[PDB]
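There's a structure below that I have some questions on.
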Amino acid sequence: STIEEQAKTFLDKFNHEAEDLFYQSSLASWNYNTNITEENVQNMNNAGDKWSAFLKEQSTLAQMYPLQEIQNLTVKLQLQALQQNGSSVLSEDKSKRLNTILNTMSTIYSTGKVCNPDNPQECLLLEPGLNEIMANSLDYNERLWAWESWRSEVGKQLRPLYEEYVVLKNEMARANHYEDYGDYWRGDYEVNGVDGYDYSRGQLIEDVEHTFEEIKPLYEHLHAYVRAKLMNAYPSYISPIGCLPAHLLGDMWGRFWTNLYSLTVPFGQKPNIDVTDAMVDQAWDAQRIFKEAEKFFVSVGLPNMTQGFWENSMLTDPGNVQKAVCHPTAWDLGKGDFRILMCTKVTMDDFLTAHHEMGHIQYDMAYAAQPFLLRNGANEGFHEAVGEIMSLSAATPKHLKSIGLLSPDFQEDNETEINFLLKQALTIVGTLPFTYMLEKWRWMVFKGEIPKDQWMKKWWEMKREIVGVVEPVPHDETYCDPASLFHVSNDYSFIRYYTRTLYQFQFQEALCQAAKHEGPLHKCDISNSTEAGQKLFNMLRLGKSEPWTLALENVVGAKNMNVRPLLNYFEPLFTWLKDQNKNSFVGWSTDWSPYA
Amino acid sequence: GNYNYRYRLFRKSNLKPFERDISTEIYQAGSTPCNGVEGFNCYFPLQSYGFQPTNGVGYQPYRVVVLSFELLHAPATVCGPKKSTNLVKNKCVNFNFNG
Ligand SMILES: *[C@@H]1O[C@H](CO)[C@@H](O)[C@H](O)[C@H]1NC(C)=O
Ligand SMILES: *[C@@H]1O[C@H](CO)[C@@H](O)[C@H](O)[C@H]1NC(C)=O
Ligand SMILES: *[C@@H]1O[C@H](CO)[C@@H](O)[C@H](O)[C@H]1NC(C)=O
Ligand SMILES: *[C@@H]1O[C@H](CO)[C@@H](O)[C@H](O)[C@H]1NC(C)=O
Ligand SMILES: *[C@@H]1O[C@H](CO)[C@@H](O)[C@H](O)[C@H]1NC(C)=O
Ligand SMILES: *[C@@H]1O[C@H](CO)[C@@H](O)[C@H](O)[C@H]1NC(C)=O
C-alpha cells in the first residue's frame, strides 16, 4: 500500500537474501585467509563478484523508493545506506579504469621490492624486512637511503596513478551530489533528521581543529623532549631550533613513534613491566590467553564467547605446509559466526592484540539482534575505540597483578608510571598530528584548494607547521610521498584513528567513572564492574540504529567529541614534560635550519 | 548449505490458529498487479532457510514438535500408562481394578 510498508517488506527481503550471500562471501574470504590456495582465491573472487552484483541490483531496486515519505529512523537509515550509488553513477569505462587503478596500486604496494643501486642481486620487501630496519637501526645514512629509495621508486610509479585517482574519485563524488571525495568521507559522521543531535559534514573539520588546538601544547612538549633525546643520540644532525629529520621517527612513514621508546626512555635503569618471561615460565598457550581475555570480559558482565568461536577459530600458526595471513583479524562471518584469525605468539603485544580483537568480537556480537544492513558501528571511530579501551585496560599493572602474570611485590612508583605514560604517548599522542595533517592535506587536494603542481610544496610546509618534521632533501613534483602508505594507496579513510583516539579516552573516563575508580585515569581497570559493562553494552547493542552523538550522550554524557579525557589521561606526564623542558625551547621553526 | 526448509515471509493478514498455508502465489505489496511474475514490489512469499553446521546457536536448525491435546465430547481414548502396583493377596487391602 504505502511507500513505507513497501520499503519495510523490501528491506526484509534484502536482509534475508543478503545474509546468506554475505555468509558465503565471508566464508570464502576466511578460507582464503587461513588457506592461501588458488582455488580459494577463485572462490573468493566469484563470491565477491556475486555479492557486488547482488548489491548493485538491490541498490537499483532500492532507489525507486523516495526518502522523504519515510518517517521511521531505522528504515530511513537502511534506505540511505542502500541507495548510495558508489561507483555505479560513473561511466562504465571510468569505473573499469578506477577498479584497474585500485588493483594495480594494490599489486604495486604488495609486491614492491627496493634495494640499493649497484647491488641488485637480491632485494628486500617492506613488510618482511624494511620495517625491522626502520624500527631498529641507529645509522643515519642507512635509514636515509631506505627512506629515500622507497619513496623514489613508489612515488615515481604511483604519481600518474594518483593523479588519475584524484580526478576519478572527485568525478564520482560530484556525480553523487557531494562537494568532493573528502565530503564523501565526512558523510559517515553526518546525522540528519534527529532534533538536536544533527551533525554536519562541515562541522567535522572545525571540531578536529578545535580539538587539535588543545592537542598542540602537549604535542609541542613531547616533540621538544623527543628532539632533545634524538639530539643526544645523534649529535650534529638535529638542530635546537628546527624540525626533526623525517627518517628518524622509528617507522617508515611516521605513523607511530613507539619504536623510539628505547632511545627516549626517562629511566632506563628502572625495570619494565614486561610479563613475557612469566608466561614462558608458566607455559601459557594462546588458548590460555584467549581464556583469560574471556574471563576479563565475563568479569565486566559482557557475554562470553560462543562454542563456534572456540571450535572454528585458528589461534595458532598452522605450519610450513599451510599458508595463512599473519595479520590479526576478527571476522564476523554472519549468522552468529564469530572467529579470530591471529598467529598468536607468547608476547605482551599479542596478548593486548587478543584483547583488542576479542573486543571487536564482542562489538560484533552485541548488534546481532539488529537488522543486517545496520550491523555496523555508529561511525568508524566506535568500532576501533571499543577494542582500544580493552587494550588500555589489559595493559595496566593492576590487571597483570590480578591475573597473576605480574609479581605481587612489584613496586609501582612514579618513574614507571611516567615512562609507561610516555610510551603510551609515543604510540597514541604522536599519531594525532600526522593523522590530522594527512587528512587535512587530502581534503584540500580533493577540494581543489591545492593545484597539482603545488601538492608537495604545501605538504612539506604542512608537515613543518603541524608535525614538526623536516624533509631531508627537497622533493620535486615527480615524487608521490603520501601514497607510500597502505591506507591512502588502497582507498581507506584515515580520520578513523583520530576519532578512535579521542573516543578511546572518552570511553575510558566514562567506564572508570562508572566503576568508581578513585585514582589516576591511567591506573584504572574496568574489571569486576557490572555497571560499567552494562553502560558499555547499552551503546554496544544499538549498532548503527542510533546516531553516534546520541550514543556518545549515552556513554559520556556529551553531544560532541571531546579532548579533555586525553589531557586528563596524560596529565602527570604533561607536568613531568613541563618540568623537563625548562632548559630546552618548546616549539619548532618551519625554516630549513637543521638540514635541507 | 541445506536449503530444504522454506518459510512464509509475507502475507496480507495473520494466520488463524492451526492453519497451514501452502499457497505459492506472488505477494502483492504494491498497488500494481503482480501478474504472476516476481518483479518490483511483488515477491515470492516462500523463502529458503540457510542451514550451515558452523552457524551460531541462534541460527542452527531446531526441530520442533508441538503436541496439541484437546478434549471433545467423545470418549477420550489416548490415555497415559497406568502404573501398576504389585499384587498382594490374603490381606485386607484397598483394590482399584480398572477403575
Ligand atoms: C589447506 O589446503 C590444502 C590444499 O588445498 C589442504 O590439503 C588442507 O587440508 C587445507 N587445510 C585446512 C585446514 O583445510
Ligand atoms: C521502525 O522499524 C522497526 C523494524 O523495521 C520497528 O521495530 C520499529 O518499531 C519502527 N519504528 C517506528 C517508530 O515505527
Ligand atoms: C544514483 O544515481 C542515479 C542515476 O544517476 C540517480 O538518479 C540517483 O539519485 C543516485 N542516488 C543518490 C543517492 O545520489
Ligand atoms: C558461557 O556462559 C554460560 C553461562 O555461564 C555457559 O553455560 C557456557 O558454557 C559458556 N560458554 C563457554 C564457551 O564457555
Ligand atoms: C618521584 O618521587 C620522588 C619523591 O617524591 C621524587 O624525588 C622524584 O623526582 C619523582 N620522580 C618523578 C619522575 O616524578
Ligand atoms: C575480579 O574477579 C576475578 C574473578 O573472580 C578475581 O580473580 C579478581 O581478583 C577480581 N578483582 C578484584 C580487584 O578483586
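Here chain A follows Swiss-Prot for its numbers: 19-614, in order, are the residues you see.
Each residue, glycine too, has its Cβ placed from N, Cα and C.
Okay, these came from Swiss-Prot:
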ACT_SITE  A:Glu375  active site, proton acceptor
ACT_SITE  A:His505  active site, proton donor
BINDING   A:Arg169, A:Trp477, A:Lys481  chloride binding site
DOMAIN    A:19-607  domain 'Peptidase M2'
CARBOHYD  A:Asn53  N-linked glycosylation site
CARBOHYD  A:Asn90  N-linked glycosylation site
CARBOHYD  A:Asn103  N-linked glycosylation site
CARBOHYD  A:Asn322  N-linked glycosylation site
CARBOHYD  A:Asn432  N-linked glycosylation site
CARBOHYD  A:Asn546  N-linked glycosylation site
REGION    A:30-41  region 'Interaction with SARS-CoV spike glycoprotein'
REGION    A:353-357  region 'Interaction with SARS-CoV spike glycoprotein'
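Walk me through where these features lie, including what they touch and how far apart they are.
The Cβ of A:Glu375 (active site, proton acceptor) lies under 8 Å from the Cβ of A:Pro346, A:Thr347, A:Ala348, A:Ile358, A:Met360, A:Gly405, each of which sits 6+ residues away along the same chain.
When secondary structure is read from DSSP and collapsed to three states, A:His505 (active site, proton donor) falls in the helix class.
A:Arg169 (chloride binding site): 22 other CB atoms within 10 A of its CB, across all protein chains. Under the three-state DSSP scheme, A:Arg169 (chloride binding site) falls in the helix class.
DSSP assigns A:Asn53 (N-linked glycosylation site) to coil in the three-state reduction, outside any helix or strand.
In the three-state DSSP classification, A:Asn90 (N-linked glycosylation site) falls within coil.
Shown in sequence order, A:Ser77, A:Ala193, A:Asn194 are the residues of the chain, 6+ apart in sequence, with a C-beta less than 8 angstroms from the C-beta of A:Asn103 (N-linked glycosylation site).
Cβ contacts within 10 Å of A:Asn322 (N-linked glycosylation site), excluding its own Cβ and spanning all protein chains shown: 11.
Residue environment of A:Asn432 (N-linked glycosylation site) contains 10 other Cβ atoms, counted within 10 Å of its Cβ in all protein chains.
Taking a C-beta cut-off of under 8 Å and a sequence gap of six or more, A:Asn546 (N-linked glycosylation site) has these contacts in its own chain: A:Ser317, A:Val318, A:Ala533.
With a threshold of 8 Å between CB atoms, the same-chain residues lying at least 6 positions outside the region 'Interaction with SARS-CoV spike glycoprotein' (A:30-41) that come near it are 68-69, 72-73, 76, 80, 100, 351-353, 355, 389-391.
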Just report the maximum Cα pair distance in Å for the recorded chloride binders A:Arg169, A:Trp477, A:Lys481, no decimals.
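Among the residues the record ties to chloride, max Cα distance equals 16 Å.
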State the Cα to Cα distance, in Å, between A:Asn322 (N-linked glycosylation site) and A:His505 (active site, proton donor), rounded to an integer.
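On Cα coordinates alone, these residues lie 33 Å apart.
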Of these recorded positions, A:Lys481, A:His505, which scores lowest on Cβ atoms within 10 Å?
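Selected from the recorded positions A:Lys481, A:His505 on minimum Cβ neighbours within 10 Å: A:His505.
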Near ligand 5, meaning Cβ under 6 Å from any of its atoms: which of the recorded positions A:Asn90, A:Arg169, A:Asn432, A:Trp477, A:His505 fit that description?
A:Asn432
Around the Cβ of A:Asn90 (N-linked glycosylation site), how many other Cβ atoms lie within 10 Å? Please give the count over every shown protein chain.
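Excluding its own Cβ, A:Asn90 (N-linked glycosylation site) sees 12 Cβ atoms within 10 Å.
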Non-local Cβ contacts of A:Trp477 (chloride binding site) (under 8 Å, 6 or more apart, same chain)?
A:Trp459, A:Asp499, A:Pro500
Anything from the recorded positions A:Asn90, A:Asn103, A:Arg169, A:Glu375, A:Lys481 with its Cβ under 6 A from ligand 3? List those in sequence order.
A:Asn103
Of the recorded positions listed here (A:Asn53, A:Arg169, A:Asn432, A:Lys481, A:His505), which is spatially closest to A:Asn90 (N-linked glycosylation site) when Cα positions are compared?
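Among A:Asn53, A:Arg169, A:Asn432, A:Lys481, A:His505, A:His505.
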